[PDB]
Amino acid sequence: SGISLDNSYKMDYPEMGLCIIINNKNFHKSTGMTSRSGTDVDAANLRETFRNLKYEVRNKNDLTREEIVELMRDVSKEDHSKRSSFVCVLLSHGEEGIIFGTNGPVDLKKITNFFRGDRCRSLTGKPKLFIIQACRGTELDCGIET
């Protein structure tokens, strides 16, 4: 055939892939964490948005740190051979490098490691997107008038 340039990911697999949305609104009292009002708005917006992009959306609500890890592990063990990509959206409280389960923290590295090129072979060479809506610290940006 003619000149072939591989500058863009192959996104014409039978399926676009999974879109896992973890929406944590209520946190255990002992964590001292307050609720995240309005987060359901985000969850619904994301579900519709990715549905229109043809992603197989799976919404999960109020997952403990143990459930988040179990979920990610199980998802990374699925056969993604016929999927073009993978998307995971995390909506919760957080700190730099950490996302919170309803009962405690989960290191983002622990979550993403399940999808490393050597640990999830059916996603090797395919885009793995992690969308994170959570604080990464306490700093506030005062901005500057333009």
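The first residue of the shown sequence is 1; numbering continues from there. Rigid core (definition): largest C-alpha set, two forms, superposition within 1.5 Å.
With 50 to 58 and 27 to 35 as candidates, the stretch whose CA atoms show the greater average offset from this form in 7 other deposited structures of this protein after a core fit is 27 to 35. Averaged over CA atoms, B-factors in the entry run higher in 29 to 37 than in the other of 64 to 72 and 29 to 37. For the pair 20 to 28 and 128 to 136, the mean B factor over Cα atoms is greater in 20 to 28. Within the selection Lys54, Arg47, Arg83, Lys77, the deposited Cα B-factor values reach their highest point at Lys77.
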